[PDB]
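Student: Structure supplied as my_file_8.pdb; contents: PDB, C-alpha atoms (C1' of nucleotides).
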ATOM      1  CA  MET A   1       0.000   0.000   0.000  1.00  0.00           C
ATOM      2  CA  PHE A   2       2.484   2.559  -1.365  1.00  0.00           C
ATOM      3  CA  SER A   3       2.336   5.827  -3.310  1.00  0.00           C
ATOM      4  CA  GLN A   4       3.855   7.617  -6.298  1.00  0.00           C
ATOM      5  CA  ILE A   5       4.970  11.243  -6.490  1.00  0.00           C
ATOM      6  CA  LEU A   6       3.048  13.345  -9.030  1.00  0.00           C
ATOM      7  CA  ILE A   7       3.931  17.039  -8.770  1.00  0.00           C
ATOM      8  CA  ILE A   8       2.044  19.782 -10.561  1.00  0.00           C
ATOM      9  CA  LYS A   9       4.934  22.226 -11.009  1.00  0.00           C
ATOM     10  CA  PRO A  10       4.447  25.744  -9.660  1.00  0.00           C
ATOM     11  CA  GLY A  11       4.169  28.439 -12.301  1.00  0.00           C
ATOM     12  CA  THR A  12       4.069  27.246 -15.936  1.00  0.00           C
ATOM     13  CA  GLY A  13       1.363  29.683 -17.022  1.00  0.00           C
ATOM     14  CA  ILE A  14      -1.779  27.564 -16.703  1.00  0.00           C
ATOM     15  CA  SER A  15      -3.021  27.158 -13.134  1.00  0.00           C
ATOM     16  CA  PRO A  16      -2.583  23.810 -11.311  1.00  0.00           C
ATOM     17  CA  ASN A  17      -6.362  23.248 -11.035  1.00  0.00           C
ATOM     18  CA  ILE A  18      -6.839  23.442 -14.803  1.00  0.00           C
ATOM     19  CA  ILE A  19      -3.887  21.117 -15.483  1.00  0.00           C
ATOM     20  CA  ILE A  20      -5.219  18.477 -13.054  1.00  0.00           C
ATOM     21  CA  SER A  21      -8.819  18.942 -14.285  1.00  0.00           C
ATOM     22  CA  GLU A  22      -7.837  18.638 -17.959  1.00  0.00           C
ATOM     23  CA  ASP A  23      -4.955  16.144 -18.105  1.00  0.00           C
ATOM     24  CA  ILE A  24      -4.520  14.098 -14.953  1.00  0.00           C
ATOM     25  CA  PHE A  25      -8.074  13.479 -13.735  1.00  0.00           C
ATOM     26  CA  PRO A  26      -9.547  12.108 -17.030  1.00  0.00           C
ATOM     27  CA  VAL A  27      -6.446   9.848 -17.189  1.00  0.00           C
ATOM     28  CA  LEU A  28      -7.273   8.628 -13.662  1.00  0.00           C
ATOM     29  CA  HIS A  29     -10.925   8.139 -14.664  1.00  0.00           C
ATOM     30  CA  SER A  30      -9.925   6.033 -17.677  1.00  0.00           C
ATOM     31  CA  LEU A  31      -7.231   4.208 -15.648  1.00  0.00           C
ATOM     32  CA  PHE A  32      -9.285   3.273 -12.577  1.00  0.00           C
ATOM     33  CA  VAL A  33     -11.926   1.288 -14.461  1.00  0.00           C
ATOM     34  CA  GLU A  34      -8.949  -0.931 -15.342  1.00  0.00           C
ATOM     35  CA  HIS A  35      -7.914  -0.893 -11.661  1.00  0.00           C
ATOM     36  CA  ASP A  36     -11.233  -2.362 -10.473  1.00  0.00           C
ATOM     37  CA  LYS A  37     -10.389  -1.627  -6.849  1.00  0.00           C
ATOM     38  CA  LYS A  38      -9.394   2.069  -7.087  1.00  0.00           C
ATOM     39  CA  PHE A  39      -5.806   2.566  -5.752  1.00  0.00           C
ATOM     40  CA  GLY A  40      -6.151   5.908  -3.843  1.00  0.00           C
ATOM     41  CA  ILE A  41      -5.912   9.709  -4.087  1.00  0.00           C
ATOM     42  CA  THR A  42      -4.222  11.954  -1.505  1.00  0.00           C
ATOM     43  CA  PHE A  43      -3.509  15.607  -2.182  1.00  0.00           C
ATOM     44  CA  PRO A  44      -1.034  16.767   0.475  1.00  0.00           C
ATOM     45  CA  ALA A  45      -1.558  20.458   1.361  1.00  0.00           C
ATOM     46  CA  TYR A  46      -5.344  20.752   0.994  1.00  0.00           C
ATOM     47  CA  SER A  47      -4.738  23.946   3.118  1.00  0.00           C
ATOM     48  CA  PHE A  48      -7.372  25.648   5.283  1.00  0.00           C
ATOM     49  CA  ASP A  49     -11.192  25.771   5.183  1.00  0.00           C
ATOM     50  CA  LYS A  50     -11.972  29.463   4.662  1.00  0.00           C
ATOM     51  CA  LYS A  51      -9.961  29.085   1.437  1.00  0.00           C
ATOM     52  CA  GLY A  52      -7.967  26.150   0.072  1.00  0.00           C
ATOM     53  CA  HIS A  53      -6.290  24.827  -3.040  1.00  0.00           C
ATOM     54  CA  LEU A  54      -6.121  21.090  -3.694  1.00  0.00           C
ATOM     55  CA  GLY A  55      -2.374  21.685  -3.678  1.00  0.00           C
ATOM     56  CA  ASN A  56       0.729  21.289  -5.787  1.00  0.00           C
ATOM     57  CA  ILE A  57       1.526  17.592  -5.236  1.00  0.00           C
ATOM     58  CA  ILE A  58      -0.982  14.825  -5.923  1.00  0.00           C
ATOM     59  CA  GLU A  59       0.077  11.526  -4.339  1.00  0.00           C
ATOM     60  CA  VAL A  60      -1.811   8.535  -5.694  1.00  0.00           C
ATOM     61  CA  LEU A  61      -1.511   5.757  -3.085  1.00  0.00           C
ATOM     62  CA  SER A  62      -2.770   2.140  -3.526  1.00  0.00           C
ATOM     63  CA  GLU A  63      -3.767  -0.903  -1.447  1.00  0.00           C
ATOM     64  CA  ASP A  64      -0.832  -2.892  -2.875  1.00  0.00           C
ATOM     65  CA  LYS A  65       2.811  -2.209  -3.696  1.00  0.00           C
ATOM     66  CA  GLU A  66       2.459  -3.913  -7.105  1.00  0.00           C
ATOM     67  CA  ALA A  67      -0.832  -2.465  -8.414  1.00  0.00           C
ATOM     68  CA  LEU A  68       0.890   0.941  -8.709  1.00  0.00           C
ATOM     69  CA  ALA A  69       2.918  -0.551 -11.573  1.00  0.00           C
ATOM     70  CA  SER A  70      -0.268  -1.996 -13.111  1.00  0.00           C
ATOM     71  CA  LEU A  71      -1.908   1.398 -13.646  1.00  0.00           C
ATOM     72  CA  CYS A  72       1.437   2.840 -14.744  1.00  0.00           C
ATOM     73  CA  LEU A  73       0.790   6.565 -14.307  1.00  0.00           C
ATOM     74  CA  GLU A  74       4.334   7.241 -15.476  1.00  0.00           C
ATOM     75  CA  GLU A  75       4.562   7.221 -19.329  1.00  0.00           C
ATOM     76  CA  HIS A  76       0.769   7.730 -19.394  1.00  0.00           C
ATOM     77  CA  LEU A  77       1.464  11.311 -18.228  1.00  0.00           C
ATOM     78  CA  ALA A  78       4.486  11.943 -20.441  1.00  0.00           C
ATOM     79  CA  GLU A  79       2.509  14.528 -22.453  1.00  0.00           C
ATOM     80  CA  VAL A  80       2.585  16.846 -19.413  1.00  0.00           C
ATOM     81  CA  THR A  81       6.340  16.575 -18.769  1.00  0.00           C
ATOM     82  CA  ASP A  82       6.669  20.386 -18.687  1.00  0.00           C
ATOM     83  CA  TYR A  83       3.744  20.606 -16.261  1.00  0.00           C
ATOM     84  CA  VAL A  84       3.549  17.391 -14.199  1.00  0.00           C
ATOM     85  CA  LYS A  85       6.637  15.380 -13.258  1.00  0.00           C
ATOM     86  CA  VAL A  86       6.257  11.767 -12.151  1.00  0.00           C
ATOM     87  CA  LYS A  87       8.971  10.610  -9.777  1.00  0.00           C
ATOM     88  CA  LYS A  88       9.686   6.881  -9.832  1.00  0.00           C
ATOM     89  CA  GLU A  89       9.503   5.507  -6.270  1.00  0.00           C
ATOM     90  CA  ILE A  90       7.017   3.998  -3.838  1.00  0.00           C
ATOM     91  CA  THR A  91       6.986   4.015  -0.036  1.00  0.00           C
ATOM     92  CA  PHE A  92       4.375   2.306   2.186  1.00  0.00           C
ATOM     93  CA  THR A  93       1.538   4.771   2.631  1.00  0.00           C
ATOM     94  CA  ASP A  94      -0.927   4.795   5.455  1.00  0.00           C
ATOM     95  CA  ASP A  95       0.473   8.206   6.487  1.00  0.00           C
ATOM     96  CA  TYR A  96      -1.956  10.132   4.293  1.00  0.00           C
ATOM     97  CA  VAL A  97      -5.500  11.522   4.387  1.00  0.00           C
ATOM     98  CA  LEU A  98      -8.483   9.958   2.663  1.00  0.00           C
ATOM     99  CA  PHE A  99     -10.631  12.177   0.450  1.00  0.00           C
ATOM    100  CA  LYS A 100     -14.401  12.202   0.114  1.00  0.00           C
ATOM    101  CA  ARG A 101     -17.047  13.486  -2.300  1.00  0.00           C
ATOM    102  CA  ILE A 102     -19.086  15.948  -0.226  1.00  0.00           C
ATOM    103  CA  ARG A 103     -22.058  16.491  -2.422  1.00  0.00           C
ATOM    104  CA  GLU A 104     -22.919  20.124  -2.865  1.00  0.00           C
ATOM    105  CA  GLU A 105     -26.734  20.067  -3.452  1.00  0.00           C
ATOM    106  CA  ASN A 106     -28.243  21.275  -6.774  1.00  0.00           C
ATOM    107  CA  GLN A 107     -29.539  24.583  -8.100  1.00  0.00           C
ATOM    108  CA  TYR A 108     -32.967  26.050  -7.378  1.00  0.00           C
ATOM    109  CA  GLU A 109     -34.492  25.246 -10.783  1.00  0.00           C
ATOM    110  CA  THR A 110     -33.056  21.684 -10.811  1.00  0.00           C
ATOM    111  CA  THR A 111     -35.428  20.613  -7.960  1.00  0.00           C
ATOM    112  CA  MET A 112     -33.516  29.328  -0.374  1.00  0.00           C
ATOM    113  CA  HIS A 113     -32.543  26.003   1.199  1.00  0.00           C
ATOM    114  CA  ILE A 114     -29.977  25.565  -1.616  1.00  0.00           C
ATOM    115  CA  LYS A 115     -27.576  28.326  -0.545  1.00  0.00           C
ATOM    116  CA  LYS A 116     -27.818  27.450   3.166  1.00  0.00           C
ATOM    117  CA  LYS A 117     -26.020  24.174   2.420  1.00  0.00           C
ATOM    118  CA  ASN A 118     -24.360  25.235  -0.853  1.00  0.00           C
ATOM    119  CA  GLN A 119     -22.157  27.708   1.077  1.00  0.00           C
ATOM    120  CA  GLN A 120     -20.060  24.908   2.634  1.00  0.00           C
ATOM    121  CA  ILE A 121     -18.668  22.865  -0.328  1.00  0.00           C
ATOM    122  CA  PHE A 122     -18.358  25.879  -2.625  1.00  0.00           C
ATOM    123  CA  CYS A 123     -15.323  27.421  -0.866  1.00  0.00           C
ATOM    124  CA  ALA A 124     -11.254  21.729  -3.892  1.00  0.00           C
ATOM    125  CA  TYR A 125     -13.484  21.923  -6.962  1.00  0.00           C
ATOM    126  CA  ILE A 126     -11.804  19.700  -9.574  1.00  0.00           C
ATOM    127  CA  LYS A 127     -13.843  19.845 -12.782  1.00  0.00           C
ATOM    128  CA  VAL A 128     -15.002  16.741 -14.687  1.00  0.00           C
ATOM    129  CA  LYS A 129     -16.517  16.400 -18.131  1.00  0.00           C
ATOM    130  CA  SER A 130     -18.785  13.402 -18.483  1.00  0.00           C
ATOM    131  CA  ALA A 131     -17.735  10.321 -20.465  1.00  0.00           C
ATOM    132  CA  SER A 132     -21.525   9.716 -20.571  1.00  0.00           C
ATOM    133  CA  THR A 133     -24.291  12.167 -21.694  1.00  0.00           C
ATOM    134  CA  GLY A 134     -22.093  15.206 -21.210  1.00  0.00           C
ATOM    135  CA  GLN A 135     -23.177  17.761 -18.584  1.00  0.00           C
ATOM    136  CA  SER A 136     -20.052  18.869 -16.713  1.00  0.00           C
ATOM    137  CA  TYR A 137     -19.820  19.966 -13.064  1.00  0.00           C
ATOM    138  CA  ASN A 138     -16.976  20.098 -10.506  1.00  0.00           C
ATOM    139  CA  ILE A 139     -16.729  17.366  -7.883  1.00  0.00           C
ATOM    140  CA  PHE A 140     -15.821  18.546  -4.406  1.00  0.00           C
ATOM    141  CA  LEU A 141     -13.421  17.164  -1.829  1.00  0.00           C
ATOM    142  CA  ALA A 142     -12.612  17.012   1.939  1.00  0.00           C
ATOM    143  CA  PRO A 143     -10.067  15.616   4.433  1.00  0.00           C
ATOM    144  CA  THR A 144     -11.328  12.471   6.171  1.00  0.00           C
ATOM    145  CA  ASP A 145      -9.704   9.490   7.930  1.00  0.00           C
ATOM    146  CA  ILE A 146     -11.551   6.189   7.341  1.00  0.00           C
ATOM    147  CA  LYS A 147      -8.572   4.260   5.861  1.00  0.00           C
ATOM    148  CA  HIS A 148      -9.571   1.637   3.271  1.00  0.00           C
ATOM    149  CA  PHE A 149     -11.327   4.501  -3.015  1.00  0.00           C
ATOM    150  CA  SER A 150     -14.169   3.365  -5.260  1.00  0.00           C
ATOM    151  CA  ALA A 151     -15.107   5.207  -8.474  1.00  0.00           C
ATOM    152  CA  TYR A 152     -12.837   8.106  -9.440  1.00  0.00           C
ATOM    153  CA  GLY A 153     -10.547   7.825  -6.475  1.00  0.00           C
ATOM    154  CA  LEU A 154     -12.844   8.984  -3.705  1.00  0.00           C
ATOM    155  CA  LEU A 155     -14.488   6.844  -1.052  1.00  0.00           C
TER     156      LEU A 155
ATOM    157  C1'   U B   1     -31.650  68.131  50.531  1.00  0.00           C
ATOM    158  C1'   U B   2     -30.900  72.845  44.035  1.00  0.00           C
ATOM    159  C1'   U B   3     -33.640  81.953  44.446  1.00  0.00           C
ATOM    160  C1'   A B   4     -36.740  75.234  47.431  1.00  0.00           C
ATOM    161  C1'   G B   5     -42.166  74.206  46.366  1.00  0.00           C
ATOM    162  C1'   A B   6     -47.161  76.105  42.883  1.00  0.00           C
ATOM    163  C1'   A B   7     -49.185  78.281  38.032  1.00  0.00           C
ATOM    164  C1'   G B   8     -54.605  77.621  31.129  1.00  0.00           C
ATOM    165  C1'   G B   9     -52.834  83.999  28.449  1.00  0.00           C
ATOM    166  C1'   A B  10     -56.813  84.072  25.807  1.00  0.00           C
ATOM    167  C1'   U B  11     -60.865  85.634  22.180  1.00  0.00           C
ATOM    168  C1'   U B  12     -61.580  88.915  17.072  1.00  0.00           C
ATOM    169  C1'   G B  13     -59.955  90.992  12.513  1.00  0.00           C
ATOM    170  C1'   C B  14     -59.639  93.454   4.205  1.00  0.00           C
ATOM    171  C1'   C B  15     -53.128  96.777   3.858  1.00  0.00           C
ATOM    172  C1'   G B  16     -54.248  99.039   0.067  1.00  0.00           C
ATOM    173  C1'   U B  17     -54.127 102.172  -4.795  1.00  0.00           C
ATOM    174  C1'   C B  18     -49.563 103.918  -8.549  1.00  0.00           C
ATOM    175  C1'   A B  19     -45.160 103.835 -11.310  1.00  0.00           C
ATOM    176  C1'   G B  20     -39.302 104.265 -17.893  1.00  0.00           C
ATOM    177  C1'   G B  21     -33.307 102.481 -14.387  1.00  0.00           C
ATOM    178  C1'   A B  22     -30.212 104.310 -18.017  1.00  0.00           C
ATOM    179  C1'   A B  23     -26.243 105.851 -21.138  1.00  0.00           C
ATOM    180  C1'   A B  24     -20.507 103.955 -22.493  1.00  0.00           C
ATOM    181  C1'   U B  25     -16.752 100.196 -22.717  1.00  0.00           C
ATOM    182  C1'   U B  26      -9.587  96.097 -25.635  1.00  0.00           C
ATOM    183  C1'   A B  27      -8.563  91.151 -20.802  1.00  0.00           C
ATOM    184  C1'   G B  28      -4.095  90.062 -22.119  1.00  0.00           C
ATOM    185  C1'   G B  29       0.782  87.941 -22.774  1.00  0.00           C
ATOM    186  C1'   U B  30       3.543  82.569 -21.585  1.00  0.00           C
ATOM    187  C1'   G B  31       4.106  77.387 -21.047  1.00  0.00           C
ATOM    188  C1'   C B  32       7.047  69.366 -21.725  1.00  0.00           C
ATOM    189  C1'   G B  33       2.121  65.601 -17.901  1.00  0.00           C
ATOM    190  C1'   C B  34       5.150  61.687 -17.258  1.00  0.00           C
ATOM    191  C1'   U B  35       7.016  56.662 -16.253  1.00  0.00           C
ATOM    192  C1'   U B  36       4.800  51.119 -15.424  1.00  0.00           C
ATOM    193  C1'   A B  37       1.925  46.815 -15.422  1.00  0.00           C
ATOM    194  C1'   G B  38      -1.115  38.791 -16.368  1.00  0.00           C
ATOM    195  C1'   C B  39      -8.459  40.455 -16.006  1.00  0.00           C
ATOM    196  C1'   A B  40      -6.295  37.258 -12.932  1.00  0.00           C
ATOM    197  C1'   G B  41      -8.894  34.753  -8.837  1.00  0.00           C
ATOM    198  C1'   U B  42     -10.139  26.823 -11.073  1.00  0.00           C
ATOM    199  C1'   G B  43     -14.670  31.365 -12.929  1.00  0.00           C
ATOM    200  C1'   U B  44     -17.562  27.957 -12.154  1.00  0.00           C
ATOM    201  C1'   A B  45     -21.397  25.161  -9.868  1.00  0.00           C
ATOM    202  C1'   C B  46     -25.642  19.957 -13.806  1.00  0.00           C
ATOM    203  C1'   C B  47     -27.808  16.068 -15.475  1.00  0.00           C
ATOM    204  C1'   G B  48     -30.554  12.541 -12.746  1.00  0.00           C
ATOM    205  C1'   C B  49     -31.754   9.310  -8.510  1.00  0.00           C
ATOM    206  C1'   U B  50     -40.320  13.692   1.672  1.00  0.00           C
ATOM    207  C1'   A B  51     -35.482  14.858   5.437  1.00  0.00           C
ATOM    208  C1'   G B  52     -30.576  12.641   4.008  1.00  0.00           C
ATOM    209  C1'   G B  53     -26.801  10.771   0.917  1.00  0.00           C
ATOM    210  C1'   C B  54     -25.466   9.454  -4.568  1.00  0.00           C
ATOM    211  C1'   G B  55     -23.853   7.203 -11.187  1.00  0.00           C
ATOM    212  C1'   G B  56     -20.591  10.564 -14.899  1.00  0.00           C
TER     213        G B  56
END
Show this structure as structure tokens.
Tutor:
Amino acid sequence: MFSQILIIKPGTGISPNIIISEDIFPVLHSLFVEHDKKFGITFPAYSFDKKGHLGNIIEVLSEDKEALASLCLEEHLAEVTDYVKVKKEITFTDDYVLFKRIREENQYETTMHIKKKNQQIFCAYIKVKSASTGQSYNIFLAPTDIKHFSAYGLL
RNA sequence: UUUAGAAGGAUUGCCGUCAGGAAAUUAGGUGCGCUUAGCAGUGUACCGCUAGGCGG
């Protein structure tokens, strides 16, 4: 149950959130249906709760020290080598934080009470286009400790 | 322990009539506004499945 080092480089023009939401996260979506049992997704430095970026390093951990080679994130993310650098190592990882999919309610028309609860999630907001029908909306995150990910990489 | 303490100001009404402000003009001369910059903050927040939690 180890982890690989994926760093979104600081700077580079394009913001880190866009780079993750456009390159890395669809790759994870198309490479965790192969994984069956999702491997894991920790963003170190989720920062504070008034504000808070997902961070600058995404560490994908797994429930096995061999399955990390199976979904070989390195050389699948060689088209972002000026933006995301994949170190080649793995160290046993229970020293992380699990991440969850707080849902964020829907809009008024979708069907007052909306914004009462909508003001919590809407303050990480990694965007996802749908492999299905198509309507795109950000999925939201949180720090949680439940240990042993299911669909995208959340619990 | 206060120049202490007290107190109904009321009722009524026609301001009127009239009128020349007016004649003359020189405001002028002069002038360094400059230097610099991410519209960025993901820029958005949906499509479905009683309160609550969920496929992509």
Student: Between B:9, B:33, B:56, B:48, which residue has the minimum interatomic distance to chain A, considering only C-alpha atoms (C1' of nucleotides)?
Tutor: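 For chain A, the nearest of the given residues is B:56.
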Student: Using all atoms listed in the file, tabulate the residues of segment 69-118 of chain A lying at most 8 Å from any atom of segment 125-148 of chain A, each with its closest atom pair and that distance in Å to one decimal, by chain and increasing residue number, as a Markdown table.
Tutor:
| residue | atom | partner | partner_atom | distance |
| --- | --- | --- | --- | --- |
| A:94 | CA | A:147 | CA | 7.7 |
| A:97 | CA | A:145 | CA | 5.9 |
| A:98 | CA | A:144 | CA | 5.2 |
| A:99 | CA | A:143 | CA | 5.3 |
| A:100 | CA | A:141 | CA | 5.4 |
| A:101 | CA | A:141 | CA | 5.2 |
| A:102 | CA | A:140 | CA | 5.9 |
| A:103 | CA | A:140 | CA | 6.9 |
| A:104 | CA | A:140 | CA | 7.4 |
Student: Each residue of chain B with at least one atom at most 9 Å from chain A should appear once, together with its nearest atom pair and the corresponding distance in Å (one decimal); atoms considered: all atoms listed in the file; ordering: chain, then increasing residue number; output as a tab-separated table.
Tutor:
residue	atom	partner	partner_atom	distance
B:42	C1'	A:17	CA	5.2
B:44	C1'	A:138	CA	8.1
B:45	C1'	A:137	CA	6.3
B:46	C1'	A:135	CA	5.8
B:47	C1'	A:135	CA	5.8
B:53	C1'	A:103	CA	8.1
B:54	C1'	A:103	CA	8.1
B:56	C1'	A:130	CA	4.9
Student: State, in Å with one decimal place, the distance from atom CA of residue 2 of chain A to atom CA of residue 68 of chain A.
Tutor: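 Result for atom CA of residue 2 of chain A versus atom CA of residue 68 of chain A: 7.7 Å, one decimal.
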Student: For the atom pair atom CA of residue 84 of chain A and atom CA of residue 6 of chain A, what is the interatomic distance in Å to one decimal place?
Tutor: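 If I compute the distance from atom CA of residue 84 of chain A to atom CA of residue 6 of chain A, I get 6.6 Å.
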Student: Can you work out the spacing between atom CA of residue 80 of chain A and atom CA of residue 121 of chain A in Å, to one decimal?
Tutor: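 Pair atom CA of residue 80 of chain A / atom CA of residue 121 of chain A returns 29.2 Å.
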Student: Can you tell me which residues surround residue 3 of chain A at a distance of at most 8 Å, considering all atoms listed in the file, apart from same-chain residues fewer than 6 positions away, and format the answer as a PyMOL selection string?
Tutor: chain A and resi 59-62+68+89-93
